[PDB]
Each structure stands twice: as structure tokens, then as C-alpha cells.
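Comments concern the structure below.
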Amino acid sequence: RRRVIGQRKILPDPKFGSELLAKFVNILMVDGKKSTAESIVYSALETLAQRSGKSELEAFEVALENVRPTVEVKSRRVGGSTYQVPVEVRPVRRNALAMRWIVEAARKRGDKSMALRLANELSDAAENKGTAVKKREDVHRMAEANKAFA
Amino acid sequence: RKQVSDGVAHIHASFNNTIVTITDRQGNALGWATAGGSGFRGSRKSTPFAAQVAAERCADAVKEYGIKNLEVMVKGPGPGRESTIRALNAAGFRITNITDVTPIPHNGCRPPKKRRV
Amino acid sequence: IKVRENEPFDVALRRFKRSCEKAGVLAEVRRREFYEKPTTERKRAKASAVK
RNA sequence: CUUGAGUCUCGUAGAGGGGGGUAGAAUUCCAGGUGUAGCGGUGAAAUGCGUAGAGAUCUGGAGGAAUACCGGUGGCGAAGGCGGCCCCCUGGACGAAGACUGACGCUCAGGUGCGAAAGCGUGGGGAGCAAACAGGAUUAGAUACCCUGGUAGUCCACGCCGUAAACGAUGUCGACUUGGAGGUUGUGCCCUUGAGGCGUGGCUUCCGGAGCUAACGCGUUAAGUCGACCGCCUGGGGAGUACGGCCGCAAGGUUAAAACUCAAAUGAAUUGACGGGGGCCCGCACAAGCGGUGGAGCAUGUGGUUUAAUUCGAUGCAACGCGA
Ligand SMILES: [Mg+2]
Ligand SMILES: [Mg+2]
Ligand SMILES: [Mg+2]
Ligand SMILES: [Mg+2]
Ligand SMILES: [Mg+2]
Ligand SMILES: [Mg+2]
Ligand SMILES: [Mg+2]
Ligand SMILES: [Mg+2]
Ligand SMILES: [Mg+2]
């Protein structure tokens with residue numbers, strides 16, 4: 001409300017040193033088990049970076065580039081009616097949502113081990129193939145379909 | 001077909017719907033399009049965007065008539081009252097005149113009561 | 001309310017309608033009427049117009 | 001006798017009244033052209049209108065009703081009320097110079113006349129709107145609000161009905177009592193060089209002093225200070241009802257009680273509370289997120305049921321791993 005927090009500075013990626021990558025590990029992290037998280041992020045970040053051949057953060061970026069929404073609808077209760085109005089998503093949010101979607105979808109990929117799942121979803125994303133990108137499509141389709149209010 | 005190259009564009013910006021009709025300077029309608037008919041219904045059909053998709057949708061019909069330039073006849077409030085025009089021109093149309101043929105009686109018939117909540 | 005404006009230039013000059021017909025009058029006659037409501041509700045605009 | 005009242009002359013403004021014309025904008029309806037799958041409507045919808053071609057669009061025609069803009073803190077009228085323009089018949093008001101009659105005045109029970117809308121009778125008219133009525137929707141229901149239709153009526157002539165929060169909720173006529181700002185209409189005077197400035201009558205807004213007032217407020221257009229005449233009130237309910245009279249085509253109007261019953265009914269102002277009133281703010285209140293409950297097995301408390309007893313207490317949030 002009146003408050004004005006902001007962006008809680010996150011500790012840079014250890015094996016690398018990228019703030020973005022760092023928060024990506026937290027999103028996947030669970031029960032405050034930060035170690036277990038990294039043990040999964042890298043293992044899958046490697047099995048993929050290998051195939052792509054290019055540096056992790058590149059294949060990583062590309063993957064996100066697809067699962068990157070530009071606009072989304074924001075609920076608004078104005079006039080005894082909840083009108084769904086779309087709006088361009090800020091830069092920071094874009095990366096966040098993407099990462100969140102990637103994991104949330106990767107976690108439920110029915111594979112064998114989280115690592116493998118993550119690796120796959122991360123790939124499929126880099127070419128609108130997995131569920132991550134799917135979300136963005138449904139979200140982006142939400143907008144425009146409400147562009148009237150936009 | 002006839003190649004008119006220049007006619008008029010009537011716009012019915014009704015409070016609920018928005019239809020755009022293109023016809024030669026005679027009156028003979030060459031082709032028409034409507035908001036409600038262009039997809040979205042009820043609530044969304046009576047929005048500014050609605051009329052837009054309609055206007056362009058109309059041109060995709062009368063443009064085959066070799067229409068180049070054309071005037072603009074508008075009447076009625078509601079959205080798409082102005083919108084329709086833009087999409088009409090932007091769609092590649094040499095616009096010229098724009099007049100509001102909105103009917104305004106110097107006190108004649110008694111309007112309906114209605115709306116009471 | 002006519003608008004020909006020679007010479008090409010994507011400017012509507014719509015402001016014209018907004019200085020006569022269109023709403024205000026159209027929106028006025030839209031629904032029901034008044035019959036007595038004006039001599040009061042409308043003549044109450046002065047009780048405010050005073051200041 | 002002339003200052004009250006009236007008369008005459010000359011102007012001034014006006015939606016004042018009666019009658020008759022007439023113009024333009026729009027709606028609807030009819031006919032034809034172009035054109036094609038929707039239109040219309042709502043919160044959504046649906047009824048409805050559409051391929052028998054609607055809607056939109058253009059042309060031609062018919063008809064009724066009402067007169068955007070001007071237009072207003074505006075004007076006229078006794079009140080009701082009266083708005084396009086033109087003609088004819090007509091009423092009132094105001095000023096100005098003056099001229100004339102010479103108290104001819106003010107008020108008025110009864111009486112007479114005028115009276116919004118709705119309503120009634122006869123004969124017309126009927127576009128739009130709309131009691132009734134019929135569908136559709138909404139809801140627990142919805143004999144409503146909303147939607148689609150739609151008769152009376154709304155319009156006209158003549159007659160009847162006489163009521164309204166017919167209100168300024170404030171009777172008419174007259175004389176006095178500090179001010180300010182403004183509208184409207186007439187008029188005398190001044191280089192009006194230009195509008196303008198000095199004023200002086202009529203009508204009319206807003207603020208406000210004294211004083212008046214229970215207060216709110218009124219305040220030279222008084223609800224102030226006085227005079228002439230009139231109408232009316234005497235607790236709430238019952239009841240503007242019954243009965244009777246008069247009036248009315250009727251609907252009903254007008255005149256107007258009692259029995260019984262209550263200790264109040266009521267006006268204004270005050271504080272607070274509340275409002276599906278307004279403004280401005282706070283809180284994991286929401287929104288943004290993470291993880292849960294509600295399903296599962298079990299633990300536990302409660303209600304319930306049972307029991308000879310299932311000891312008593314806690315029960316919206318603020319009771320239910322609570323007193324234990
Ligand atoms: Mg109705
Ligand atoms: Mg009548
Ligand atoms: Mg009759
Ligand atoms: Mg007067
Ligand atoms: Mg005062
Ligand atoms: Mg009270
Ligand atoms: Mg906190
Ligand atoms: Mg939340
Ligand atoms: Mg959840």
C-alpha cells in the first residue's frame with residue numbers, strides 16, 4: 001500500500017554469476033533447500049547447454065525469449081463488473097514470469113527426475129514447443145481479445 | 001465489376017452496434033460490413049475496436065470495385081463513431097469529406113421513456 | 001457540420017461536432033424526456049452557476 | 001380641493017388571449033433502386049424483425065405531432081398557464097410630457113366566471129409515446145423495475161368534471177424602516193468623439209443589517225413597524241370518513257359528525273450511529289506471490305445420536321488441540 005519496497009537484491013549466480021539465473025534457482029528451490037536446487041538447475045542447465053552447444057546462459061536466454069509475454073490482463077472491478085483489461089508487462093516481470101512458468105510446467109512433465117524434465121522443457125521453450133510457451137500464447141491471446149478495453 | 005473509384009462511406013454508430021456501408025455517390029450500396037457481425041457479440045460488439053475490424057472488413061469487399069477516394073458520412077453517438085473512419089482511411093483510402101448526418105429534430109416526436117433503475 | 005479541408009492531411013477536425021450537434025443534444029434526446037424536470041433540475045444549474 | 005382612483009395624447013416591451021394560414025428538422029408507414037446475412041436489444045439475454053431479402057443506403061409519396069438553435073440568474077398573465085414564422089380580432093402593464101374628472105376608493109360572506117393533468121359524452125384524427133393487455137427476461141416468487149409489442153389516451157371541435165405538494169405550503173389594498181451586487185424594460189441630462197458618465201420610474205434574482213422567529217430562517221418583493229376588510233386553526237387516531245343536503249353522465253366533488261380509542265401526535269435544532277451518500281486515508285484487507293485447508297487415513301475438540309451415566313462450562317468474528 002502506502003509502502004514502497006522494491007526489488008530485494010539477490011545474490012549472484014555461484015557457478016556463473018548472473019542475477020537472473022540466481023532467482024531462477026530460487027523459483028525452483030523448495031523448502032529452503034537452496035543446495036538441492038542448484039544441484040538440479042546446473043545438471044539440467046548442462047545437459048541442455050551441451051546439445052545447444054552454446055554457453056548455458058545463451059541456450060537459457062533463447063529458451064526464455066519464447067516464453068516471454070509482453071502484455072497480460074489485469075483484473076479490474078470498476079462498475080459492478082470485473083472487466084479484464086490487458087497491459088504491457090514491465091521488463092523485470094517478463095523474465096520472472098517466464099522462469100516461473102518454465103519450472104511450474106517442467107515440474108509436472110511426468111519424466112523421471114526433475115533435472116531431466118527441466119532440461120527438456122527448457123529446450124522445447126526455445127522453439128515454442130513445450131508448455132511454457134503455451135502459457136504465453138493463452139495469456140497473450142487473453143489480451144487483444146480484450147483489446148477493446150485496452 | 002464497375003470500378004467506381006470514388007463513393008461515400010455511411011457509418012451507423014448506434015449505441016449498441018456499428019455498421020459501415022460503402023456506396024457510390026448515388027446511394028447504390030456497393031458493399032457493407034457490421035461490428036456485431038464481425039465476431040464478438042453483446043458487450044464487446046459495442047466497443048470502439050469492434051467498429052474498426054468492421055470498417056476494414058467492409059473495404060475487403062468494396063475495394064474490389066476499384067474504389068480509390070471516398071467521402072465519409074457519420075451519424076449517431078457510441079464508439080466506432082470516429083474509429084471506423086481511421087481504419088477506413090488507414091486501409092488505403094483517399095479521404096475527402098467527413099460530415100455528421102446525425103439526425104437532430106427541432107423538437108418533434110416524443111422520445112421513449114425506458115431506462116429506469 | 002461539414003469538413004472537406006482541401007490538401008491531404010490525416011487530421012479529423014472532429015472538434016466541430018463537439019461544438020454543436022452530436023452528444024449534449026443527441027445524448028439529451030436519447031432516452032425519455034423531461035416535461036417539468038428541466039424548469040427545475042436544469043434551472044438548478046444557476047443555483048450553482050452563481051459561483 | 002387634488003395627493004387617492006380614473007380619463008385623454010404619444011410611445012415601449014411582451015411564449016397574454018381567440019381565429020386562420022405556413023416553413024423546416026425528425027420519426028413512422030407505403031412503393032421502387034443498390035446491396036447481403038444479419039439487425040434489434042441487455043448486465044447478460046431472450047421475445048422480436050431478417051433469404052418471402054431485413055438492417056444499412058438512395059429516390060418518390062402519405063400523415064400526425066412537436067417546434068433544436070435563440071433561451072436566460074429572462075418575459076407576459078388573476079390564477080391555471082403561455083415558446084417556429086405570418087396575418088386578422090383582442091386584453092393587460094409601464095414611462096413620458098403634459099391635459100381632464102374631482103374621493104368616483106380599499107376589502108367582500110353569498111353570488112358569477114376562469115380552473116394543470118387524468119377522467120366522461122358526441123363526432124373526428126392517430127406519427128411518436130404509452131395505463132390495460134401479451135410475450136421475453138430477472139427472481140425463492142416478480143401480478144414490478146428491464147426488453148419486444150401495444151389499446152385507451154395523449155391531438156381536434158363542442159359540452160361536462162372542478163380537483164393537484166393549484167406551493168412562495170406566505171390573502172388583498174395602503175404607509176413607513178440602514179445596505180450591497182445583478183437581470184429586465186421605459187425615461188430626463190451631459191464633447192456619447194466610442195461605447196459611455198449624472199441620474200430617474202415599472203417588473204425581477206441573489207446576499208444581508210435592525211428587528212422579527214421555537215429554531216430553520218425572513219429581511220424595503222419581510223416572516224420588520226402599522227392600518228382596512230376577508231378566509232381559516234383549537235390534541236393524535238377514527239376521518240375529510242359515515243349520514244343528510246346540493247352538484248355530477250359517471251368517476252366522484254362539496255358541505256361535514258359521532259361512538260370508540262391513545263397520552264401522545266407534531267415543528268425545528270442537537271449529538272451520535274447508520275447509508276447498497278460523497279471526499280481523504282490505514283491494516284497480509286485486497287491486489288502480487290509462496291505454501292496450506294476443503295478429498296484421503298489417523299489425532300483431537302464440538303454438535304448430534306446413543307447411554308444407567310456418556311459430569312459441568314465455552315457456541316458469529318471474540319466457542320470447537322477452549323477451561324484441562
Ligand atoms: Mg413498456
Ligand atoms: Mg385533458
Ligand atoms: Mg374523449
Ligand atoms: Mg410578473
Ligand atoms: Mg436574506
Ligand atoms: Mg425531525
Ligand atoms: Mg504486516
Ligand atoms: Mg490474495
Ligand atoms: Mg493454491
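In the C-alpha cells, each chain is lettered A, B, ... as it comes, each chain's residues begin at 1, and ligands are numbered from 1 in order of appearance.
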Next on the checklist: How would you report the residues lying within 9 Å of ligand 3, as a list in words, if you count only C-alpha atoms (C1' of nucleotides) and all ligand atoms?
Outcome noted: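 Checked against 9 Å with only C-alpha atoms (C1' of nucleotides) and all ligand atoms; the hits are residues 119, 120, 121 and 153 of chain D.
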Expected file contents, prior selection, N, CA and C atoms (P, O5', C5', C4', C3', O3' and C1' of nucleotides), as a PDB file, in the first residue's frame:
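Just written: again_8.pdb:
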ATOM      1  P     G D 119     -57.051   9.533 -19.232  1.00  0.00           P
ATOM      2  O5'   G D 119     -58.469   9.732 -18.532  1.00  0.00           O
ATOM      3  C5'   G D 119     -58.833   8.948 -17.402  1.00  0.00           C
ATOM      4  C4'   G D 119     -60.203   9.339 -16.904  1.00  0.00           C
ATOM      5  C3'   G D 119     -61.314   9.408 -17.950  1.00  0.00           C
ATOM      6  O3'   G D 119     -61.831   8.113 -18.219  1.00  0.00           O
ATOM      7  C1'   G D 119     -61.444  11.284 -16.499  1.00  0.00           C
ATOM      8  P     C D 120     -62.548   7.826 -19.626  1.00  0.00           P
ATOM      9  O5'   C D 120     -63.901   8.659 -19.530  1.00  0.00           O
ATOM     10  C5'   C D 120     -64.840   8.388 -18.499  1.00  0.00           C
ATOM     11  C4'   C D 120     -66.085   9.210 -18.698  1.00  0.00           C
ATOM     12  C3'   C D 120     -66.528   9.297 -20.161  1.00  0.00           C
ATOM     13  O3'   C D 120     -67.259   8.168 -20.610  1.00  0.00           O
ATOM     14  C1'   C D 120     -66.608  11.444 -19.164  1.00  0.00           C
ATOM     15  P     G D 121     -67.451   7.935 -22.186  1.00  0.00           P
ATOM     16  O5'   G D 121     -68.414   9.124 -22.618  1.00  0.00           O
ATOM     17  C5'   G D 121     -69.789   9.105 -22.263  1.00  0.00           C
ATOM     18  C4'   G D 121     -70.539  10.125 -23.074  1.00  0.00           C
ATOM     19  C3'   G D 121     -70.262  10.045 -24.575  1.00  0.00           C
ATOM     20  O3'   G D 121     -71.020   9.048 -25.247  1.00  0.00           O
ATOM     21  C1'   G D 121     -70.117  12.293 -23.848  1.00  0.00           C
ATOM     22  P     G D 153     -59.791   7.369 -26.487  1.00  0.00           P
ATOM     23  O5'   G D 153     -58.902   8.376 -25.633  1.00  0.00           O
ATOM     24  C5'   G D 153     -58.975   8.400 -24.210  1.00  0.00           C
ATOM     25  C4'   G D 153     -57.630   8.762 -23.637  1.00  0.00           C
ATOM     26  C3'   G D 153     -57.008  10.008 -24.257  1.00  0.00           C
ATOM     27  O3'   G D 153     -57.489  11.179 -23.606  1.00  0.00           O
ATOM     28  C1'   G D 153     -55.397   8.263 -24.130  1.00  0.00           C
TER      29        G D 153
END
Item to check | Contacts of residue 92 in chain A within 12 Å, only C-alpha atoms (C1' of nucleotides), excl. fewer than 4 positions in-chain, as a ChimeraX atom specification | outcome: /A:6-7,19-20,23,68-70,88,96-99
Next on the checklist: Neighbouring residues of ligand 1 are defined here as those with any atom at most 12 Å from a ligand atom, counting only C-alpha atoms (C1' of nucleotides) and all ligand atoms; list them as a ChimeraX atom specification.
Outcome noted: /B:112-116 /D:129-135,144-150
Checklist entry - Given a cut-off of 12 Å, which residues of chain C touch chain D, counting only C-alpha atoms (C1' of nucleotides), written out as a PyMOL selection string? => result chain C and resi 20-21+24-26+28-29+31-33+39+42-51
Show me which residues are within 8 Å of ligand 4 counting only C-alpha atoms (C1' of nucleotides) and all ligand atoms, and format the list as a PDB file with C-alpha atoms (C1' of nucleotides), in the first residue's frame.
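part_31.pdb, written as the output of this step:
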ATOM      1  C1'   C D  76     -46.219  38.047 -20.290  1.00  0.00           C
ATOM      2  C1'   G D  77     -50.778  36.572 -17.366  1.00  0.00           C
ATOM      3  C1'   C D 203     -41.131  44.449 -13.079  1.00  0.00           C
ATOM      4  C1'   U D 204     -37.478  40.743 -11.130  1.00  0.00           C
TER       5        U D 204
END
Checklist entry - What residues in chain A have any atom no more than 10 Å from chain D when counting only C-alpha atoms (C1' of nucleotides), and can you write them as a VMD selection string? => result chain A and resid 1 to 2 27 30 to 31 74 to 76 80 to 81
Would you put the residues from that selection into a file with C-alpha atoms, as an mmCIF file, in the first residue's frame?
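File written: again13.cif
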data_model
loop_
_atom_site.group_PDB
_atom_site.id
_atom_site.type_symbol
_atom_site.label_atom_id
_atom_site.label_comp_id
_atom_site.auth_asym_id
_atom_site.auth_seq_id
_atom_site.Cartn_x
_atom_site.Cartn_y
_atom_site.Cartn_z
ATOM 1 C CA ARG A 1 0.000 0.000 0.000
ATOM 2 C CA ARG A 2 1.499 3.274 1.194
ATOM 3 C CA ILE A 27 11.905 -20.285 -8.083
ATOM 4 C CA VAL A 30 11.852 -25.666 -2.297
ATOM 5 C CA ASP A 31 11.688 -25.953 1.499
ATOM 6 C CA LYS A 74 -5.210 -7.178 -15.082
ATOM 7 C CA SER A 75 -8.473 -7.731 -13.200
ATOM 8 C CA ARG A 76 -10.390 -4.514 -12.544
ATOM 9 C CA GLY A 80 -20.143 -3.661 -10.518
ATOM 10 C CA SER A 81 -18.401 -5.642 -13.255
#
List as CSV every residue of range 5-116 of chain B that is in contact with range 9-13 of chain C, defined as an atom at most 10 Å from one of its atoms (using only C-alpha atoms), together with the nearest atom pair and the distance in Å rounded to one decimal, sorted by chain and then rising number.
residue,atom,partner,partner_atom,distance
B:82,CA,C:12,CA,8.8
B:85,CA,C:12,CA,8.9
B:86,CA,C:10,CA,8.8
B:89,CA,C:10,CA,8.5
B:90,CA,C:10,CA,9.2
B:95,CA,C:10,CA,8.8
B:96,CA,C:9,CA,9.8
B:97,CA,C:12,CA,9.7
B:98,CA,C:12,CA,8.1
Next on the checklist: If DSSP is run on the backbone, what residues of chain C are alpha helix (DSSP H)? A reply as a VMD selection string would be ideal.
Outcome noted: chain C and resid 26 to 30 46 to 49
Limited to N, CA, C and O atoms, could you put the picked residues into a file as an mmCIF file, in the first residue's frame?
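Output contents, as saved in selection.cif:
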data_model
loop_
_atom_site.group_PDB
_atom_site.id
_atom_site.type_symbol
_atom_site.label_atom_id
_atom_site.label_comp_id
_atom_site.auth_asym_id
_atom_site.auth_seq_id
_atom_site.Cartn_x
_atom_site.Cartn_y
_atom_site.Cartn_z
ATOM 1 N N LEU C 26 -27.813 14.994 -28.683
ATOM 2 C CA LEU C 26 -28.172 13.622 -29.018
ATOM 3 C C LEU C 26 -28.396 12.817 -27.746
ATOM 4 O O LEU C 26 -29.447 12.203 -27.566
ATOM 5 N N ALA C 27 -27.400 12.822 -26.866
ATOM 6 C CA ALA C 27 -27.495 12.100 -25.605
ATOM 7 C C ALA C 27 -28.671 12.646 -24.805
ATOM 8 O O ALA C 27 -29.268 11.937 -23.995
ATOM 9 N N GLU C 28 -29.001 13.911 -25.044
ATOM 10 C CA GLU C 28 -30.106 14.570 -24.358
ATOM 11 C C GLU C 28 -31.454 13.964 -24.736
ATOM 12 O O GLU C 28 -32.254 13.610 -23.870
ATOM 13 N N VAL C 29 -31.696 13.850 -26.036
ATOM 14 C CA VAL C 29 -32.954 13.315 -26.546
ATOM 15 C C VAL C 29 -32.973 11.790 -26.604
ATOM 16 O O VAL C 29 -33.998 11.189 -26.926
ATOM 17 N N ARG C 30 -31.843 11.167 -26.287
ATOM 18 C CA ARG C 30 -31.737 9.712 -26.323
ATOM 19 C C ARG C 30 -32.906 9.013 -25.633
ATOM 20 O O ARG C 30 -33.834 8.541 -26.288
ATOM 21 N N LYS C 46 -28.202 27.171 -12.247
ATOM 22 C CA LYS C 46 -27.906 28.568 -11.960
ATOM 23 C C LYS C 46 -27.589 28.698 -10.476
ATOM 24 O O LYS C 46 -26.692 29.444 -10.086
ATOM 25 N N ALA C 47 -28.331 27.961 -9.655
ATOM 26 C CA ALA C 47 -28.122 27.974 -8.214
ATOM 27 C C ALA C 47 -26.668 27.606 -7.950
ATOM 28 O O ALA C 47 -26.139 27.840 -6.863
ATOM 29 N N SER C 48 -26.032 27.024 -8.963
ATOM 30 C CA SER C 48 -24.635 26.622 -8.877
ATOM 31 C C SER C 48 -23.804 27.594 -9.705
ATOM 32 O O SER C 48 -22.719 28.009 -9.296
ATOM 33 N N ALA C 49 -24.328 27.956 -10.873
ATOM 34 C CA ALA C 49 -23.652 28.880 -11.774
ATOM 35 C C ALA C 49 -23.365 30.201 -11.071
ATOM 36 O O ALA C 49 -22.483 30.955 -11.483
#
Item to check | Residue hits in chain A, query chain B, radius 9 Å, only C-alpha atoms, as a PyMOL selection string | outcome: chain A and resi 146-149
Checklist entry - Interatomic distance between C1' of residue 124 in chain D and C1' of residue 152 in chain D? => result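 These atoms are spaced 16.4 Å apart.
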Item to check | Distance filter 7 Å around ligand 5, atoms: only C-alpha atoms (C1' of nucleotides) and all ligand atoms, out as a VMD selection string | outcome: chain D and resid 207 to 208 218 to 219
Any chance you can output those residues with N, CA and C atoms (P, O5', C5', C4', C3', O3' and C1' of nucleotides) as a PDB file, in the first residue's frame?
ATOM      1  P     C D 207     -29.559  33.697  -1.284  1.00  0.00           P
ATOM      2  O5'   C D 207     -28.604  34.798  -0.643  1.00  0.00           O
ATOM      3  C5'   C D 207     -27.192  34.642  -0.711  1.00  0.00           C
ATOM      4  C4'   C D 207     -26.486  35.872  -0.191  1.00  0.00           C
ATOM      5  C3'   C D 207     -26.823  36.377   1.208  1.00  0.00           C
ATOM      6  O3'   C D 207     -26.173  35.650   2.243  1.00  0.00           O
ATOM      7  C1'   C D 207     -26.612  38.202  -0.301  1.00  0.00           C
ATOM      8  P     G D 208     -26.934  35.408   3.639  1.00  0.00           P
ATOM      9  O5'   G D 208     -26.996  36.854   4.306  1.00  0.00           O
ATOM     10  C5'   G D 208     -25.801  37.530   4.686  1.00  0.00           C
ATOM     11  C4'   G D 208     -26.070  39.000   4.916  1.00  0.00           C
ATOM     12  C3'   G D 208     -26.996  39.306   6.075  1.00  0.00           C
ATOM     13  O3'   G D 208     -26.247  39.361   7.286  1.00  0.00           O
ATOM     14  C1'   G D 208     -27.603  40.611   4.182  1.00  0.00           C
ATOM     15  P     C D 218     -34.599  32.474   3.908  1.00  0.00           P
ATOM     16  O5'   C D 218     -35.518  33.696   4.354  1.00  0.00           O
ATOM     17  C5'   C D 218     -36.931  33.633   4.192  1.00  0.00           C
ATOM     18  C4'   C D 218     -37.589  34.866   4.769  1.00  0.00           C
ATOM     19  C3'   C D 218     -37.072  36.221   4.307  1.00  0.00           C
ATOM     20  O3'   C D 218     -37.633  36.624   3.063  1.00  0.00           O
ATOM     21  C1'   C D 218     -37.404  36.234   6.659  1.00  0.00           C
ATOM     22  P     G D 219     -36.721  37.408   1.997  1.00  0.00           P
ATOM     23  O5'   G D 219     -36.306  38.751   2.751  1.00  0.00           O
ATOM     24  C5'   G D 219     -37.292  39.714   3.118  1.00  0.00           C
ATOM     25  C4'   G D 219     -36.756  40.643   4.185  1.00  0.00           C
ATOM     26  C3'   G D 219     -35.575  41.542   3.810  1.00  0.00           C
ATOM     27  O3'   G D 219     -36.055  42.732   3.193  1.00  0.00           O
ATOM     28  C1'   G D 219     -35.200  40.532   5.930  1.00  0.00           C
TER      29        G D 219
END
